[PDB]
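As a plain string of letters, each chain reads:
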Amino acid sequence: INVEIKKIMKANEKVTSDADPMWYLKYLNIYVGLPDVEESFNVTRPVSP
Amino acid sequence: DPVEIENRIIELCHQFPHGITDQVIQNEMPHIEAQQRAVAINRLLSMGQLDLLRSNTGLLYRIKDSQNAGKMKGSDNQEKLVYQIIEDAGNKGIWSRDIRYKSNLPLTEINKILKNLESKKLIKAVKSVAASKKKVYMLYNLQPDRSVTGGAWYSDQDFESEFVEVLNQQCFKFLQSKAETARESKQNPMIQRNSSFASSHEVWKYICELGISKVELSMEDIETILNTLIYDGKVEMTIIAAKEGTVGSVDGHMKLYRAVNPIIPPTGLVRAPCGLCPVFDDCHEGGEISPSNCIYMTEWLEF
Amino acid sequence: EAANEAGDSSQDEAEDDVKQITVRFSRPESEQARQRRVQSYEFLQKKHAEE
Ligand code: SF4
């Protein structure tokens, strides 16, 4: 979660389609953050195991 | 200066749109050796402004089609890089899907190119009558091939069954009347058979005199109609040897058609309901489908 | 072998094998296929022969 995921994201950082060139989707940096629960309406909350 | 040589060759190609041989270039420019001319031609071919043709007289060098322009918006490169295989297809046409696949371009670009070419009267789109899936694109100057589109029977991508039925009926009536006149003549069996025979040109001229439809019917159209009549088991065709005459269609051969009666009357099997039953396989003595409670034989005996 | 194939008949008629204009589309090559062509052995051999 600290090193390998960044390498995987870097290996597939750019994705583009053949049709309509000059269009692309570039990933910059990925984060995993702290565990949270999606119970609250569009709001996160810390949750214990 | 090889640049001057290339410019002179380009000017000579402009002077002769059909292409120039090496002899013409040598006569126009004799002071230059053959090796320099070959290097100049190789450079012209490498930069893509010339095309090579192999005719019975040798090699021809033609300027690439750039003056003929229909899609000038954007780049002439893609315009010619579509018109190339457009012309290569030519009379047979080519669907938009195949154009896209051969051009390796998205659908939007090729759609724009085709629209712009149609705007300046360079390509015509006609509906494929063989398979009505997409519109094929052909050169505006080229005449459409009868196989890929059009035809004397097809009218707006619709097969005219009534037209071919009327043609068959009229041809069969004419042949039957001719055979009846030949039989009533009773002058001589050979003469009777020769008079019962009708040439393809004769029946074609007869159909033209009738004038059932507005579309012009060629001789081979009437020939195919008579062949379909032969396949119906109603007429007979014989190929006789005739060098030249009023037909002159086939070299030394003429097709004569005559109305002939069938070999035997309808057989006895078809006179029974069992012979024309569609569920004949499921017939059984004891079951739902039995000859005792058959509806076909019931209606047949009641009739 | 090609000469023997052509020599099947003693006298060969002038063939009407005029080279129809088979100018192929310079299709825009996909970047993956372009990389494959660059990494091809024939391309490397041609680049070596260019010197
Ligand atoms: S349904 Fe009757 S008529 Fe038809 S095949 Fe069977 S037995 Fe024969």
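In this report, the structure presented in the accompanying data block is examined. Numbering of residues starts from 1 on every chain and follows the order in which that chain's sequence is written, so it may differ from the entry's own numbering; residues lacking coordinates are left out. Going through the entries in the order they are written, you letter the chains from A and number the ligands from 1. What appears here is a fragment of a larger assembly, so each number quoted concerns just the fragment shown. Working from all heavy atoms in the structure, the side-chain values ignore hydrogens and water.

**A look at the overall build of chain C**
Consideration 1: A helix here means a DSSP run of H or I that spans at least four residues, while a strand means a run of E at least two residues long, and both kinds are numbered starting from the N terminus. Within chain C, the regular secondary structure consists of three helices and zero strands.
Consideration 2: The linear arrangement of helices and strands in chain C, starting from the amino end, is α-α-α.
Consideration 3: For chain C, whose C-alpha radius of gyration is 19 Å, the value lies well above the compact-globule estimate of 10 Å for 51 residues.
Consideration 4: Its C-alpha atoms put chain C at 50 × 25 × 20 Å along the principal axes.
Consideration 5: Under the scheme applied here, a residue whose accessible area is under 20% of the maximum for its type counts as buried, over 50% as exposed, and between as partly exposed, the area being computed with a 1.4 Å probe on protein chains only. Taking all 51 residues of chain C together, the buried fraction comes to 2%.
Consideration 6: Every accessible area reported is derived by Shrake-Rupley at a probe size of 1.4 Å, with residue values counting cover from the shown protein chains alone. Surface exposure of chain C reaches about 5500 Å², of which carbon and sulfur atoms provide 45%.
Consideration 7: We treat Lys and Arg as the positive residues and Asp and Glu as the negative residues; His and chain ends play no part in the count. To locate a charge, take atom NZ for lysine, CZ for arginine, CG for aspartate or CD for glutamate. Each charge class in chain C can be summarised by its mean position, and for the 8 positive and 13 negative side chains these summaries are 17 Å apart. Only C-alpha atoms enter the radius of gyration; for comparison, a globular chain is expected to reach 2.2 Å times N to the power 0.38, where N is the number of residues.

**A few points about the site of the ligand**
Consideration 1: Throughout, near means a residue has at least one heavy atom within 4 Å of the molecule or strand. Around the ligand, a shell composed of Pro273(B), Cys274(B), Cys277(B), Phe280(B), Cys283(B), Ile289(B), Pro291(B), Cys294(B) and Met297(B) is seen.
Consideration 2: Here the shell around the ligand is built from residues that sort into nine nonpolar, no polar and no charged. For this classification, the nonpolar set comprises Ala, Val, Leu, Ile, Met, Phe, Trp, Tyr, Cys and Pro, the charged set comprises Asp, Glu, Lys and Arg, and every other residue, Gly included, is treated as polar.

**Concerning the sheet that holds strand β5 (residues 198–199) of chain B**
Consideration 1: A pair of strands is considered paired only if DSSP assigns at least 2 bridges between the two. Spatially, β5-β7-β6 (chain B) is the arrangement adopted by the three strands of the open sheet, whose pairing is antiparallel. Of all the strands in the sheet, the pair left with one neighbour each is β5 and β6 (235–241) of chain B.

**A closer look at the interface of chain C and chain B**
Consideration 1: Opposite the twelve residues of chain C that make contact, chain B presents 17 residues.
Consideration 2: Where chain C abuts chain B, roughly 1400 Å² becomes buried across the two surfaces, and 53% of that area is made up of carbon and sulfur atoms.
Consideration 3: Ranking the residues of chain C by area buried against chain B places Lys19(C), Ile21(C) and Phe25(C) at the top, with a combined share of 49%.
Consideration 4: In the sections that follow, a salt bridge refers to a side-chain nitrogen of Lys or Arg positioned within 4 Å of a carboxyl oxygen of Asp or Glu. For the pair chain C and chain B, the interface holds zero salt bridges.
Consideration 5: By the criterion applied in these results, polar contacts are pairs of N or O atoms within 3.5 Å in which, for protein atoms, one can donate a hydrogen and the other can accept it, and in which residues neighboring in sequence qualify only through two side-chain atoms. There are two residue pairs in polar contact connecting chain C and chain B. In this description, contact between two residues means that some pair of their heavy atoms is separated by no more than 4.5 Å. When two components associate, each loses some accessible surface as probed by a 1.4 Å sphere; the sum of these losses over both components is called the buried area.

**Thoughts on unusual backbone geometry**
Consideration 1: In the Ramachandran plot, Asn42(A) falls in the positive-phi region, its phi being about 60° despite a non-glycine side chain.
Consideration 2: Considering the arrangement of structural elements, one finds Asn42(A) in the loop between β3 (36–37) and β4 (45–46).
Consideration 3: Positive phi values are uncommon outside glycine, yet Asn104(B) reaches one of about 55°.
Consideration 4: Inspection of the secondary structure puts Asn104(B) in the loop between α5 (96–103) and α6 (107–119).
Consideration 5: We classify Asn104(B) as partly exposed; its relative accessible area is 40%.

**Regarding a nonpolar patch on the surface**
Consideration 1: The residues that make up patches have over 30% relative accessible area and no salt bridge, and they are joined within 9 Å when like-charged or within 5 Å when they are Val, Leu, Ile, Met, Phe, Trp or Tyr. Judged by side-chain polarity, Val15(A), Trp23(A), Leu25(A) and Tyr27(A) come together as a nonpolar surface patch covering roughly 390 Å² of accessible area.
Consideration 2: In this structure, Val15(A) sits in strand β1 (residues 14–15).

**Observations regarding the arrangement of the chains**
Consideration 1: The top pair by number of contacts, from a total of two pairs of chains in contact, is chains B and C.
Consideration 2: At the level of C-alpha atoms, the two units chain A and chain C stay apart, their nearest approach being 8 Å.

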